[PDB]
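In structure tokens, one chain follows: the form deposited in one PDB entry.
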């Protein structure tokens, strides 16, 4: 397709000269105005997947942090993704840390960021999502597409749970699933909430508010859940890769105890010191250098949780091979971020194609058959 090619050229051009986050905001603006290309192709019936009763038309979505404020949901989805995770959002609008706060290393295909939860706040983003949902109702290309919402706490918030509860009550109705973000490295002391006790209490408080949305309501589910599933949002937790074996064991038990619907593995890491261009910069690292670390984390949690908790994969997914690696490791679905940064508009159509051809070679009937094979 020409359209993708022209954009890929324009993208590569902008990044040689212009600041990374400025380029991101520009392309979000292009998407907001619906000037981006569409992937109108039928997705392979053999590459569809699910997480419990949540159905994905294809196995690739966009990770949190990309469209933090959900100002670009239609256009990003129509690039060929089955879903997008907007946010992370916080109850109140927030600027984030000092710019510049995002840096790429092209040869390493890695990124580092210290954004610090910049977002327009829950109320504004909720209104954005509501507007998307009304558009989705009238757009052939948006049907069956999933939108999750990543939720977190404001910089100066002491009680994380109060912030999580607030977000759920505001935007929960419009979400297909909720992602509890306790793995950002750019909010001090946030990762401490991965402690078994705090985490368990966090998950239960979250599940409790979601359940309470349904009870206080008088309407049919048809009018209560203004989302894709027409059901209450599933609950996922996103984990950081920077833990020890024991911490991972402890968390796995809490996930089972609380009956969490899924786990996103994983967030950015801080253990990467091998990139010279990043030696003076603060933040969490993404991209190719994070792939092996993320994959191992998947195998471990898949094991610790006795294959009972569905897995959403994040970290260094660029190729169909990279994707199948996550899948054979235990993931049901994949999330992209770094891929779009380096491959551009074509990221979804390309990686879907590559994975389709690879499932055929390896003698898989469908995607679901490949989950957790290695």
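Residues that one form lacks are left out of the comparison. Definition used throughout: the rigid core is the maximal C-alpha set that superposes within 1.5 Å between two forms. Positions refer to the first chain, counted from 1.
Of the two stretches examined, 131-139 and 193-201, the record assigns the greater average C-alpha temperature factor to 193-201. Averaged over their C-alpha atoms, the temperature factors of 64-72 and 32-40 are higher for 32-40. You'll see in the entry that, of 248, 78, 144, 155, the Cα B factor peaks at 248. Per the deposited record, 292 carries the highest C-alpha B-factor of all listed residues (292, 85, 274, 209).
Among all modelled residues in its chain, residue 101 ranks in the middle third by Cα B-factor. Per the deposited record, the Cα B-factor of residue 347 falls in the middle third when ranked against the other modelled residues of its chain. When all modelled residues of the chain are sorted by CA temperature factor, residue 340 is found within the middle third. Among all modelled residues in this chain, the alpha-carbon of residue 57 has a temperature factor (C-alpha) in the lowest third.
Ranked within its chain, residue 174 lands in the lowest third, by CA B factor from the PDB record.
The following text describes the form deposited in another entry, which does not appear among the structures shown.
Core-superposed comparison between the shown form and the other one: the CA of residue 8 exceeds or equals a 2 Å shift.
With the core held fixed, the Cα of residue 17 is displaced between the shown form and the other one by 2 Å or more.
After fitting on the rigid core, stretches of 3+ residues whose CA atoms all move by 2 angstroms or more between the shown form and the other one lie at 1-18, 218-222.
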